[PDB]
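Starting off, we have a lone chain in the form deposited in one PDB entry, written out as structure tokens.
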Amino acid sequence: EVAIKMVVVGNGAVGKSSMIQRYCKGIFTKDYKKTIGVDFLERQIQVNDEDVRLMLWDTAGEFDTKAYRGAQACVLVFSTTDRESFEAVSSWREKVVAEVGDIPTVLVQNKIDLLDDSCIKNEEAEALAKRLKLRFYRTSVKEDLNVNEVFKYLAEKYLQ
């Protein structure tokens, strides 16, 4: 079994806790203040004929921890409806690279189901991903869209 520690990072309310709950528990609650009462949730999947245990560590939205220590892959999340969360993506990337290193990382635009209230142009987000040289996914945690693909990509890149 290959165990992979992954950190989910991004500005407040972009959907980090919901993303981890969706992937590891298959739920999306109407909870007001969503919280994961433990350090990480996990999901054990088969990836390219191998047993993989993905351990997903939650973080706070606290820019200067045990979550980052030893991280082996990273999900950078911003929100379709939060302009500042998009503009903060480069800084979150620098924080992970400086504190952990150049680990496999995916850029995620969450809340794509709220596209009517979008404040990020498609060209803007794609151009950012190309500048940072990061795989880019548009996800909806609420509708379970492209969440599985994000973590499967990171697992595969850590293995290969």
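Start at 1 and count along the sequence shown; that's the residue number. Note that the rigid core is defined as the largest set of C-alphas that superpose within 1.5 Å between two forms. Shifts are known only where both forms have a C-alpha.
From this point on, the text means the form deposited in another entry, which you will not see here.
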Only one of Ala98, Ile27, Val38, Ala127 shifts its Cα by 2 Å or more between this form and the one not shown once the rigid core is superposed, namely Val38
Closer or farther in the other entry, the Cα atoms of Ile36 and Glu149, when the shift from this form is 3 Å or more: farther
A 3 angstroms or greater change in CA distance between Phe28 and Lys34 is reported in the other entry. Closer or farther than in this form? farther
Report the moving segments between this form and the one not shown: consecutive residues, 3 or more per run, each with a CA shift of 2 Å or more after superposition on the core, given in sequence order. 29-32, 34-39, 65-67
